[PDB]
Every structure is written in C-alpha cells, then in structure tokens.
file structure-v8.json (JSON, C-alpha atoms)
[["chain", "number", "residue", "atom", "x", "y", "z"],
["A", 1, "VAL", "CA", 0.00, 0.00, 0.00],
["A", 2, "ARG", "CA", 0.89, 3.61, -0.60],
["A", 3, "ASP", "CA", 1.61, 6.34, 1.90],
["A", 4, "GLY", "CA", 1.72, 9.64, 0.13],
["A", 5, "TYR", "CA", 0.09, 13.02, 0.06],
["A", 6, "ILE", "CA", -3.47, 12.45, -1.26],
["A", 7, "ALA", "CA", -4.84, 14.33, -4.24],
["A", 8, "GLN", "CA", -7.35, 13.55, -6.93],
["A", 9, "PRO", "CA", -5.17, 11.56, -9.24],
["A", 10, "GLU", "CA", -4.76, 13.94, -12.19],
["A", 11, "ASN", "CA", -1.38, 15.22, -10.94],
["A", 12, "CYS", "CA", -3.18, 17.36, -8.36],
["A", 13, "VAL", "CA", -3.37, 17.81, -4.62],
["A", 14, "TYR", "CA", -6.45, 18.13, -2.45],
["A", 15, "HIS", "CA", -6.42, 20.91, 0.10],
["A", 16, "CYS", "CA", -7.10, 20.18, 3.72],
["A", 17, "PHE", "CA", -8.93, 21.94, 6.46],
["A", 18, "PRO", "CA", -6.33, 21.63, 9.28],
["A", 19, "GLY", "CA", -7.52, 18.65, 11.30],
["A", 20, "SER", "CA", -8.89, 15.34, 10.13],
["A", 21, "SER", "CA", -12.42, 16.29, 9.30],
["A", 22, "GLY", "CA", -12.58, 16.85, 5.53],
["A", 23, "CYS", "CA", -10.01, 14.73, 3.79],
["A", 24, "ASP", "CA", -9.57, 12.18, 6.58],
["A", 25, "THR", "CA", -13.18, 11.29, 5.77],
["A", 26, "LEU", "CA", -12.25, 11.28, 2.05],
["A", 27, "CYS", "CA", -9.25, 9.16, 3.00],
["A", 28, "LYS", "CA", -11.61, 6.58, 4.55],
["A", 29, "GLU", "CA", -13.77, 6.23, 1.43],
["A", 30, "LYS", "CA", -10.73, 6.13, -0.89],
["A", 31, "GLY", "CA", -9.45, 3.50, 1.48],
["A", 32, "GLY", "CA", -6.62, 4.89, 3.57],
["A", 33, "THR", "CA", -6.80, 4.06, 7.24],
["A", 34, "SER", "CA", -5.36, 7.28, 8.50],
["A", 35, "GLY", "CA", -5.66, 10.56, 6.74],
["A", 36, "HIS", "CA", -4.12, 13.83, 7.73],
["A", 37, "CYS", "CA", -3.23, 17.10, 6.05],
["A", 38, "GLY", "CA", 0.09, 17.90, 4.52],
["A", 39, "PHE", "CA", 1.78, 20.45, 2.31],
["A", 40, "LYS", "CA", 3.38, 19.13, -0.85],
["A", 41, "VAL", "CA", 5.76, 21.87, -1.90],
["A", 42, "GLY", "CA", 5.66, 22.05, -5.67],
["A", 43, "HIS", "CA", 1.89, 22.12, -5.58],
["A", 44, "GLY", "CA", 0.65, 23.70, -2.39],
["A", 45, "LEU", "CA", -1.31, 22.49, 0.62],
["A", 46, "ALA", "CA", -2.42, 18.89, 0.12],
["A", 47, "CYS", "CA", -3.92, 16.13, 2.19],
["A", 48, "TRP", "CA", -2.09, 13.04, 3.33],
["A", 49, "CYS", "CA", -3.24, 9.44, 3.65],
["A", 50, "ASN", "CA", -1.63, 6.29, 4.93],
["A", 51, "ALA", "CA", -2.27, 2.80, 3.58],
["A", 52, "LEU", "CA", -4.00, 3.60, 0.32],
["A", 53, "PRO", "CA", -4.35, 0.66, -2.09],
["A", 54, "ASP", "CA", -2.36, 0.50, -5.32],
["A", 55, "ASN", "CA", -5.51, 1.47, -7.26],
["A", 56, "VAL", "CA", -5.50, 4.93, -5.68],
["A", 57, "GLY", "CA", -3.42, 7.62, -7.39],
["A", 58, "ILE", "CA", -2.28, 10.69, -5.62],
["A", 59, "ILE", "CA", 0.25, 13.52, -6.20],
["A", 60, "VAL", "CA", 2.41, 13.18, -9.29],
["A", 61, "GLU", "CA", 4.47, 16.04, -10.68],
["A", 62, "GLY", "CA", 6.07, 16.07, -14.03],
["A", 63, "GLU", "CA", 2.86, 17.73, -15.04],
["A", 64, "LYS", "CA", 0.87, 20.15, -12.87],
["A", 65, "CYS", "CA", -2.80, 19.78, -11.94],
["A", 66, "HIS", "CA", -5.40, 19.44, -14.63],
["A", 67, "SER", "CA", -8.93, 18.13, -14.27]]
call {"tool": "encode", "arguments": {"input": "structure-v8.json", "output": "structure tokens"}}
result
Amino acid sequence: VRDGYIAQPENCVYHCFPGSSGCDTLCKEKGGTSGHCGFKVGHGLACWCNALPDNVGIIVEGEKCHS
C-alpha cells in the first residue's frame, strides 16, 4: 500500500482543512486508514493518507494539476 500526500489523481493535490475532518473522511472512502493534512511543496497544501491501495493515485508532478 501507498503512503503519500493524497490528491485527486490527475497530478493534483487536495487541500485540507487543518484537522482530520474533511479529507480524513475522504481518506476513509478512498481506502486509507489514516488521513491527515500535509503540504506538498511544488503544488501547495495537500492532504495526506496512509495505507492507500495501489488502485488509488495521488500527487504526481512532471505535469501540474489538470482536471
């Protein structure tokens, strides 16, 4: 499983509300069993997840965010 900063997979980041509430809940439904905030310098403020399955996709850079 992955531990990374969580995004929406299109080379993006999420943004967090400092605490669990928002993207820790998103982390649960995406399937990470702890979720936190983070800052991913290169993008900006991001969320973080631990133990996401291989089918989840997260921050990438090489591109920049598109959706």
call {"tool": "atom_distance", "arguments": {"input": "structure-v8.json", "atom1": "atom CA of residue A:66", "atom2": "atom CA of residue A:18"}}
result
24.0 Å
call {"tool": "atom_distance", "arguments": {"input": "structure-v8.json", "atom1": "atom CA of residue A:56", "atom2": "atom CA of residue A:16"}}
result
18.0 Å
call {"tool": "residues_around", "arguments": {"input": "structure-v8.json", "residues": "residue A:7", "least_positions_apart": "2", "cutoff": "9 Å", "atoms": "all atoms listed in the file", "output": "list in words"}}
result
residues 5, 9, 10, 11, 12, 13, 14, 15, 46, 47, 48, 57, 58, 59 and 60 of chain A
call {"tool": "atom_distance", "arguments": {"input": "structure-v8.json", "atom1": "atom CA of residue A:36", "atom2": "atom CA of residue A:51"}}
result
11.9 Å
call {"tool": "closest_residue", "arguments": {"input": "structure-v8.json", "among": "A:17, A:63, A:49, A:4", "to": "residue A:34", "atoms": "only C-alpha atoms"}}
result
A:49
call {"tool": "closest_residue", "arguments": {"input": "structure-v8.json", "among": "A:29, A:3, A:61, A:24", "to": "residue A:43", "atoms": "all atoms listed in the file"}}
result
A:61
call {"tool": "closest_residue", "arguments": {"input": "structure-v8.json", "among": "A:41, A:50, A:25, A:64", "to": "residue A:6", "atoms": "only C-alpha atoms"}}
result
A:50
call {"tool": "residues_around", "arguments": {"input": "structure-v8.json", "residues": "residue A:52", "least_positions_apart": "4", "cutoff": "8 Å", "atoms": "all atoms listed in the file", "output": "list in words"}}
result
residues 1, 2, 3, 30, 31, 32, 33 and 56 of chain A
call {"tool": "decode", "arguments": {"input": "structure-v8.json", "residues": "chain A", "atoms": "C-alpha atoms", "output": "PDB file, in the first residue's frame"}}
result
ATOM      1  CA  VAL A   1       0.000   0.000   0.000  1.00  0.00           C
ATOM      2  CA  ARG A   2       0.892   3.613  -0.600  1.00  0.00           C
ATOM      3  CA  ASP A   3       1.611   6.341   1.904  1.00  0.00           C
ATOM      4  CA  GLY A   4       1.723   9.645   0.126  1.00  0.00           C
ATOM      5  CA  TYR A   5       0.086  13.019   0.057  1.00  0.00           C
ATOM      6  CA  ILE A   6      -3.469  12.448  -1.263  1.00  0.00           C
ATOM      7  CA  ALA A   7      -4.841  14.335  -4.243  1.00  0.00           C
ATOM      8  CA  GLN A   8      -7.351  13.549  -6.933  1.00  0.00           C
ATOM      9  CA  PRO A   9      -5.167  11.562  -9.240  1.00  0.00           C
ATOM     10  CA  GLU A  10      -4.757  13.944 -12.185  1.00  0.00           C
ATOM     11  CA  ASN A  11      -1.381  15.222 -10.939  1.00  0.00           C
ATOM     12  CA  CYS A  12      -3.182  17.356  -8.361  1.00  0.00           C
ATOM     13  CA  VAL A  13      -3.375  17.808  -4.617  1.00  0.00           C
ATOM     14  CA  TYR A  14      -6.452  18.132  -2.451  1.00  0.00           C
ATOM     15  CA  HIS A  15      -6.421  20.914   0.098  1.00  0.00           C
ATOM     16  CA  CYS A  16      -7.096  20.175   3.721  1.00  0.00           C
ATOM     17  CA  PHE A  17      -8.931  21.941   6.462  1.00  0.00           C
ATOM     18  CA  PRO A  18      -6.326  21.630   9.277  1.00  0.00           C
ATOM     19  CA  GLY A  19      -7.522  18.651  11.297  1.00  0.00           C
ATOM     20  CA  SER A  20      -8.886  15.344  10.130  1.00  0.00           C
ATOM     21  CA  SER A  21     -12.424  16.286   9.299  1.00  0.00           C
ATOM     22  CA  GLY A  22     -12.583  16.852   5.534  1.00  0.00           C
ATOM     23  CA  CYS A  23     -10.011  14.731   3.793  1.00  0.00           C
ATOM     24  CA  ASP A  24      -9.570  12.179   6.583  1.00  0.00           C
ATOM     25  CA  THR A  25     -13.185  11.293   5.765  1.00  0.00           C
ATOM     26  CA  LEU A  26     -12.253  11.281   2.053  1.00  0.00           C
ATOM     27  CA  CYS A  27      -9.250   9.163   3.004  1.00  0.00           C
ATOM     28  CA  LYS A  28     -11.611   6.578   4.550  1.00  0.00           C
ATOM     29  CA  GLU A  29     -13.772   6.234   1.428  1.00  0.00           C
ATOM     30  CA  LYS A  30     -10.727   6.132  -0.889  1.00  0.00           C
ATOM     31  CA  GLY A  31      -9.450   3.495   1.484  1.00  0.00           C
ATOM     32  CA  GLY A  32      -6.615   4.893   3.574  1.00  0.00           C
ATOM     33  CA  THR A  33      -6.800   4.055   7.238  1.00  0.00           C
ATOM     34  CA  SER A  34      -5.356   7.279   8.500  1.00  0.00           C
ATOM     35  CA  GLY A  35      -5.663  10.565   6.737  1.00  0.00           C
ATOM     36  CA  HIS A  36      -4.117  13.826   7.732  1.00  0.00           C
ATOM     37  CA  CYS A  37      -3.226  17.104   6.047  1.00  0.00           C
ATOM     38  CA  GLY A  38       0.094  17.901   4.520  1.00  0.00           C
ATOM     39  CA  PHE A  39       1.783  20.454   2.313  1.00  0.00           C
ATOM     40  CA  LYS A  40       3.376  19.133  -0.852  1.00  0.00           C
ATOM     41  CA  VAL A  41       5.762  21.874  -1.901  1.00  0.00           C
ATOM     42  CA  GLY A  42       5.662  22.050  -5.674  1.00  0.00           C
ATOM     43  CA  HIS A  43       1.888  22.121  -5.576  1.00  0.00           C
ATOM     44  CA  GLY A  44       0.652  23.695  -2.388  1.00  0.00           C
ATOM     45  CA  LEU A  45      -1.310  22.488   0.621  1.00  0.00           C
ATOM     46  CA  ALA A  46      -2.425  18.894   0.123  1.00  0.00           C
ATOM     47  CA  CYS A  47      -3.919  16.129   2.193  1.00  0.00           C
ATOM     48  CA  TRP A  48      -2.088  13.039   3.333  1.00  0.00           C
ATOM     49  CA  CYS A  49      -3.236   9.441   3.649  1.00  0.00           C
ATOM     50  CA  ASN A  50      -1.632   6.290   4.927  1.00  0.00           C
ATOM     51  CA  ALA A  51      -2.268   2.798   3.581  1.00  0.00           C
ATOM     52  CA  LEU A  52      -3.997   3.605   0.323  1.00  0.00           C
ATOM     53  CA  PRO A  53      -4.347   0.664  -2.089  1.00  0.00           C
ATOM     54  CA  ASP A  54      -2.362   0.502  -5.319  1.00  0.00           C
ATOM     55  CA  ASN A  55      -5.514   1.465  -7.261  1.00  0.00           C
ATOM     56  CA  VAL A  56      -5.502   4.929  -5.684  1.00  0.00           C
ATOM     57  CA  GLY A  57      -3.418   7.616  -7.393  1.00  0.00           C
ATOM     58  CA  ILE A  58      -2.279  10.695  -5.617  1.00  0.00           C
ATOM     59  CA  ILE A  59       0.250  13.521  -6.198  1.00  0.00           C
ATOM     60  CA  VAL A  60       2.414  13.177  -9.288  1.00  0.00           C
ATOM     61  CA  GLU A  61       4.473  16.037 -10.676  1.00  0.00           C
ATOM     62  CA  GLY A  62       6.069  16.072 -14.028  1.00  0.00           C
ATOM     63  CA  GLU A  63       2.861  17.731 -15.044  1.00  0.00           C
ATOM     64  CA  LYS A  64       0.875  20.148 -12.873  1.00  0.00           C
ATOM     65  CA  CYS A  65      -2.802  19.781 -11.936  1.00  0.00           C
ATOM     66  CA  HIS A  66      -5.397  19.436 -14.630  1.00  0.00           C
ATOM     67  CA  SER A  67      -8.925  18.125 -14.272  1.00  0.00           C
TER      68      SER A  67
END
